[PDB]
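K.L.:
Pasting an experimental structure, sequence included:
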Amino acid sequence: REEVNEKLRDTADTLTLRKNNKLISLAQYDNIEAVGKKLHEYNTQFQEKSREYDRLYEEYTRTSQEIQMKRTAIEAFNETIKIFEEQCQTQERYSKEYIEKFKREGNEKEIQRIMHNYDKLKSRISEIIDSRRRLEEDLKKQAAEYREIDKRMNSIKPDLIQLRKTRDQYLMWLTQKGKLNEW
Amino acid sequence: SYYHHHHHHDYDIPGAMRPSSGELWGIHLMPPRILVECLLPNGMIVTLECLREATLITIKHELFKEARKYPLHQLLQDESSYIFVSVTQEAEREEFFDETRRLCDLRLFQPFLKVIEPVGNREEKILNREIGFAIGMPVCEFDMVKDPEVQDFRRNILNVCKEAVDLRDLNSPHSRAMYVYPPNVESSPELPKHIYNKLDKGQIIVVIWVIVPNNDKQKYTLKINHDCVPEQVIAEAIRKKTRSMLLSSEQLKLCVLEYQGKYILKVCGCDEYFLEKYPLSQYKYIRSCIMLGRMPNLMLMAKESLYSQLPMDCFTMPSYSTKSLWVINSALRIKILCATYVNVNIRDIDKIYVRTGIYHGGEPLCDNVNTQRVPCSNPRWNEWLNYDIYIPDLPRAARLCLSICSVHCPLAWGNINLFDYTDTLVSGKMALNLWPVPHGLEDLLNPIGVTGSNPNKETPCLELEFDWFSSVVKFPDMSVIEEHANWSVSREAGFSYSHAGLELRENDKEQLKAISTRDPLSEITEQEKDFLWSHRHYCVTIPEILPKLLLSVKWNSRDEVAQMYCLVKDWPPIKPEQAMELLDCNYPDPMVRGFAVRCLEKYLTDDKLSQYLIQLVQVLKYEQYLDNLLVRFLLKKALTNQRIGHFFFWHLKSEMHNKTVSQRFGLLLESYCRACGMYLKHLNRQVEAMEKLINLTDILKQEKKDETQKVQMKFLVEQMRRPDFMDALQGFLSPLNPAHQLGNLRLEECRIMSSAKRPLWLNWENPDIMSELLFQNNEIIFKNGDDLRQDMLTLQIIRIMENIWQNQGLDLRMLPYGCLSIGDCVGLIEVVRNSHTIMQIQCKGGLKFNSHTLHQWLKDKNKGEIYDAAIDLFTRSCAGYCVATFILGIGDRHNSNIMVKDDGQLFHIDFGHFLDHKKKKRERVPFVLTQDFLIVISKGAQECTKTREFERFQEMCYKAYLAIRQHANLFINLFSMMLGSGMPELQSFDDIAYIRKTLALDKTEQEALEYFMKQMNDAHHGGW
Ligand SMILES: O=C(O)CCc1ccc(O)cc1
């Protein structure tokens, strides 16, 4: 039961027929030694590839999270900015009311300091937007390397299974006739 | 000559030898002095310097002094008229009501604070922050979710919340104290014989303590019967306190009667109580003391000082409150249109197609492909695919599974349910974003994988058209499925004689019970399936055969499926251990899973639930919809009982990182936190503690790597002394066990270990009144790097093998320590005081290492007749740990992952890959008893092979192994339920198949016995 699935695994559509395994058209019802080295050589190429497949699947789900992190950070920036935008509007309400409320007593003294505040506030908004802008282009170059991770996983995956399959077939051959641990 | 001079040109000289963002965007822990942009109502931006650790009251108060020096101050109200607000890292805009909170704990994005007058004037209702902090995502993020199923789950599931809150205040204050402090109690009041024998004729010496002024305390050693209840024990201790040279006998009787019911029994040293009439023996603490040769220490606690401790939960209801399928006269077809975002290299890849199939766990018709059209770039097919099955033959739990493949190799995958939560057959166009190829899955299509589109947008978006049929097509009602069954019955009675391949017989009547016995993973044949399916009426005789029967049923024939629905309807309840199989991925039908949850309501005890709770939470992943019977069952039990609720919370809160479940568990955690009462505040204090520890170790691991231990350790202790760390990491409940409280940090017993994960050795004061009686210091390890949940599970599997062995009269002693995964590779590990790696024992005994050093070390702790029993402990544990280890196939055991205690118990740690993961790229023996061990088993002797001690030990091994072989059905199923978690060691059923070989279930019990010895003999080289 254990081995019969690992040989029927990855094949087409107690007779263990594979259509999931339908146990029972049934609608009506020579070196010997040198092939032993090849095992180790492919069993090293197969496990060589494993880690290269593993390292990337981490990098994939890293960058998947690193990207998803970066998006929400932008969602936050945009919300941050909106409050600063709202604030600069909020000052243009009660600042421009207090310019014309008096506009007499320390006009140049006061309006400079009200104008100074507004400037700091704008220059703050300027820094955040460029802070955001910089994140967004770093996001695309992340999404770039991301596209490349899956690409290289999806080049390796075929080669990995074929490498796996030949390694079994060689390993079958040797057991037919007659140690394997070290290989 | 070494390398035959073969160069490697590729090799350059300069993996070898995460992360959760911290207190502020992009930086782990905010600098000790930071400037904060304070937006005022008047429009003025005033930057203040603050201390990282400063409270918002501290901040506000200072702001409003500094606001006077700025213009337009006359516009501002008193400081008291305002609340703070800012954009957080989750990206919402929190309104900061609790002004005792400090600036570093706010989870701010950028360091700015806007001032406002508080709207939504029911401020009570905006302590959803509490709920969102615990869950780790804000409640406003569920509010704007479009999908009706979610919104209908959210409102519907409050049926449960309400019902369960009503049981809590059914006998308040007693029920309330029974919720919060439930009785921690063994399965049966029946006792094991090896426990009984340690009783000198059914009797325990116990110690009841009392406080009277408060400073001084007073013992009263009762010697009472083991099976007596707490109220009796309480009377007896009152008799003893109050007997006097001034009270007559009758005067005493009248003094006990007033007193007898104003008190309850507490355990000294932790928050456990004895509130229920059980035999004292049936409480775990008592049954623990008997085994360890300890004297139970209880405390008389008055009930008013206990209900004085208790809260009021005060649950508040939230603000958020055709055509019969069988008419449709066609075969199934589904239109594949276009994938948009496929990552394919043109240089290796020939061609790509969408493979498809309908499924029920296993397949219901010819799995097909489509033609290999527009391969690599431009990818687009416009084909209706045509599936040989009729539209009415589709069973309730039918599901489309597909995958974009190469030529043969999968690229992506995704699965959809063919009906919705309201039974409506799927019509229209869908935009399915796909999931990526896993490790262990090499096969094409992945039907065990989760139903639902990926929430992740930047992925292979395959779109498709489903067929429309003049209406919402709905699955028939139960009344209608019934009638159609009753017709398929009367119809088949009139069928005539000559007929193939569908009273009774004696030879056959046993051969069904032959099948009934075989493990889940023993595959059934078509003959057997037919054979069962025809005698299905007799099969109710053996209700245990049901799983085999259900797998035998043809789910693509609605006539069968209506008949099978009707057997299930009133099938006889069965044992939880076997019913649990019916919640794994192979049984997706709702009537089936319904029946299994109906077994749990009858049979599964709050005790047995919490044992298997891990498996049941995993098995939620395999429900089709959010609202289903299991969820309501667990939600209820968790809101009925706060011990379950605690681990129920954490097992969910663990997986919240995982986007396969973030929605579902997120919504479930919300319900829990909304109903669970004052435990929400306790969970938020744990949740806040764990965060600090994550952020602290996240720094130790990124930047502070490359600084001596001394440097890190000074930086650690600098950090831990900050007021916010002190606040956050002191008065709280250990998540490994909420019974244990954690008080002040002893920072001088607290250190960073050697390991490159930088795990924290943390040590708290046990602030219990009687800490002295149990332990003055609680220490547990916090480990940022590793994935705890393999260990967590193997530990569980051990705990159960122990309970199996022991409840079946044989005393091997396992020490499944505490392990809790609280996140993505984050967790807690219980420290067993007085234990050392064999390798320490060898280092500290090494003369300037002899095989005896272990044995020598052990004698040196255990001298006198103590020695004799302490070898029995080592002999008993070491046998159990042999068999479990072998059966599971955990990682190779060696000197730095094996540990022995002062009293002589041995146990394993850091188990690694459980079902023989690394080795399968065989039947290994991971616990190789070297000479070191065999010496200890044989007190003096040389030639340890030959002693009786080893024969004894061999017998313990053989009796244990066969004991587990009789409960293998359970161990298979426990693992089967764990397929849900993406643990690489459990990707598919054939991974679990190792546990068959190693238990030898295809063999007979006598052969098995020999195979175990054969396996044991070659690994050790001689003896068995
Ligand atoms: O009912 C309780 O609260 C105790 C736990 C319990 C649950 C179910 C059952 O059948 C027996 C016991």
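P.N.:
Great, that's in hand. Numbers count the residues shown, from 1 in each chain, chains lettered A, B, ... in the order given.
K.L.:
drop to CA atoms for contacts and neighbour counts, all remaining ones
P.N.:
Will do.
K.L.:
which residues in the stretch 301-450 of chain B form helices?
P.N.:
Here the stretch 301-450 of chain B has its helices, by DSSP state H, counting those that start in this stretch, at B:303-309.
K.L.:
Confirm that residue B:696 sits in a helix.
P.N.:
Yes. Using DSSP: H, G, I helix; E, B strand; the rest coil, the assignment for residue B:696 is a helix.
K.L.:
Show the contacting residues for residue B:287.
P.N.:
For residue B:287, the contacting residues are residue B:281, taking C-alpha atoms under 8 Å, 6 or more residues apart in numbering or on different chains as the criterion.
K.L.:
Find the closest residue to the ligand in the stretch 501-650 of chain B.
P.N.:
Using C-alpha to the nearest ligand atom, the closest approach of the stretch 501-650 of chain B to the ligand is made by residue B:605 at 4.2 Å.
K.L.:
tell me the phi and psi of that residue?
P.N.:
For residue B:605, the backbone dihedrals are phi -90, psi 150 (criterion: degrees, to the nearest 10).
K.L.:
How about residue A:16?
P.N.:
Here is the backbone geometry of residue A:16 (degrees, to the nearest 10): phi -90, psi 80.
K.L.:
what's the closest non-adjacent residue to it?
P.N.:
With C-alpha to C-alpha, 6 or more residues apart in numbering or on different chains as the criterion, residue A:16 has its nearest non-adjacent residue at 4.4 Å, and that residue is residue A:23.
K.L.:
Name all residues that make contact with that neighbour.
P.N.:
Here residue A:23 is in contact with A:14-17, B:523-526 (C-alpha under 8 Å, 6+ apart).
K.L.:
For the residue lying closest to residue B:303 once chain neighbours are set aside, grab the count of nearby residues.
P.N.:
Spatial nearest neighbour of residue B:303, excluding adjacent residues (C-alpha to C-alpha, 6+ apart): residue B:263 at 5.4 Å. By the criterion of other C-alpha atoms under 10 Å in any protein chain shown, residue B:263 has 19 neighbours.
K.L.:
for chain A, what are the nearby residues on the stretch 901-1024 of chain B?
P.N.:
Taking C-alpha under 8 Å from any C-alpha of the partner chain as the criterion, the neighbours of chain A within the stretch 901-1024 of chain B are B:921, B:990, B:993.
K.L.:
So what's the residue count around the last one?
P.N.:
Translated: residue B:993. For residue B:993, the neighbour count with other C-alpha under 10 Å is 17.
K.L.:
any idea how far residue B:867 is from the residue lying closest to it once chain neighbours are set aside?
P.N.:
Nearest residue to residue B:993 in three dimensions, chain neighbours excluded: residue A:2, at 6.5 Å (C-alpha to C-alpha, 6+ apart). Applying C-alpha to C-alpha, to the nearest Å, the value for residue A:2 to residue B:867 is 46 Å.
K.L.:
So for those two, which sits in the more crowded spot?
P.N.:
residue B:867 (18 against 15).
K.L.:
Dihedrals phi and psi, the residue lying closest to the more buried one once chain neighbours are set aside?
P.N.:
Closest residue in space to residue B:867, ignoring its immediate chain neighbours: residue B:859 at 6.4 Å, by C-alpha to C-alpha, 6+ apart. Note on residue B:859: its backbone torsions stand at phi -50, psi -40 [degrees, to the nearest 10].
K.L.:
All set now, cheers.
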